[PDB]
């Protein structure tokens, strides 16, 4: 579109198609990113693990395929982990191995089995374990009523309290995860299933369970932690379709016991385009952040981009914290973003009234714009981004029903898919000072909108013309006092 809508500060594959991230892991001062890669760049192409690395979660260096599809077996999604005691015996004492478990998909028969790869050069190159699969369709069949066509996406981590490796497997339309234990990463034993029917407050509409992750989260600050399982069900999300949700509970090394869930707080995004989220494991304690990323493309091959398809979301932290008196999952872009952005316009304590249009001089397609404001009762604040002649993507805050909305009815090209337009909403309240906060990462073909402390998030693809690079900040039905507005441009350099 002049430039194939390439994002200028989000990850996209150097060429061809990406789906969800895989094997997210920090090794030394390097963040590793793998992802489902389709180099054939049509719907029938074989999937492998693509690979990129960075020191800052932003400047990515593309690497060759890490786990190839081979011998009729495609390398479907999975996760990674460090084996410092060489419990796998795949490394040695001098360098314990880094490990990746992935689903092997036999294209012709459609079977799904679990496989292992290992790296002894700190994640540079990966070798498939000679004993693969480590979990055969035979082992899966007593737990998979398709007999091993629906067992995938292994999340694996070492459980200190119990001294075992833990594998969490998803089962698609059987609407459950299974928990398996191992001492050596290779020989697994089923322990339990976590089934939709067992989770109080989880709707029947939430089906097609994929992409589990599992970790402990500090539960606010309060010296206590909790176990989190995060997954991407194929149905049931706020914007409809696939979506990312998270559930707290306890874990004893064999089975997960979920807390009651609340539909109003379980989903990690209310837009269309944030799906297959994983977190970076092995993050040193001095950092201590839970950082997640997902693919933004809910439209398969439809996005009007040619040399690439699929983009990674901008990495964001995930935390549990009280907003009012409700505990929420809360997300914010990583603070590293502040190192690559520059203010183009800053407002402090500025009153906006119906009829004015602020931010009219700004031109950019890569922006990170904060607004914090005290709206009048019954006022509607609107921030139009990627604005041109007949194009705009409008973020509104409606005070009267406390709703953050993202409206793509006029974004640009919304003809590529029936779900490309419309309006997405999320609940967002004033804080106790009356202050509403909103932050929008704008890039060539996306918006990621955070409300409040990050209790509300809407991530969506958009395809405006390149010349649609204005902003317009307006208010109707009332005034607002803009405590701050910081419009920053973003550049990788």
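Positions refer to the first chain, counted from 1.
**Q** Of 148-156 and 93-101, which one has the bigger average CA B-factor?
**A** According to the PDB entry, the answer is 93-101.
**Q** Compare the mean C-alpha B-factor of 39-47 with that of 443-451 as given in the PDB entry, and name the stretch with the higher value.
**A** The deposited B-factors put 39-47 ahead on the C-alpha mean.
**Q** Can you tell me which of 85, 114, 301, 279 has the maximum CA B-factor listed in the PDB entry?
**A** Going by the entry's C-alpha B-factors, 85 comes out highest.
**Q** Looking at 297, 137, 400, 77, which one carries the largest C-alpha B-factor according to the PDB entry?
**A** Going by the entry's C-alpha B-factors, 400 comes out highest.
**Q** Can you tell me which third, lowest, middle or highest, the CA B-factor of residue 53 falls into for its chain?
**A** Tercile = lowest for this residue's CA B-factor.
**Q** Against its chain's modelled residues, does residue 480's Cα B factor rank lowest, middle or highest third?
**A** Ranked within chain, residue 480 CA B lands in the highest tercile.
**Q** For residue 334, return the chain-relative third of its C-alpha B-factor as stated in the PDB record: lowest, middle or highest.
**A** It falls in the bottom third of the chain.
**Q** Relative to the other modelled residues in the chain, which third contains the C-alpha temperature factor of residue 368: lowest, middle or highest?
**A** Lowest third.
**Q** Which third, lowest, middle or highest, does the CA B-factor of residue 328 fall in along this chain?
**A** According to the entry, residue 328 has a C-alpha B-factor in the chain's highest third.
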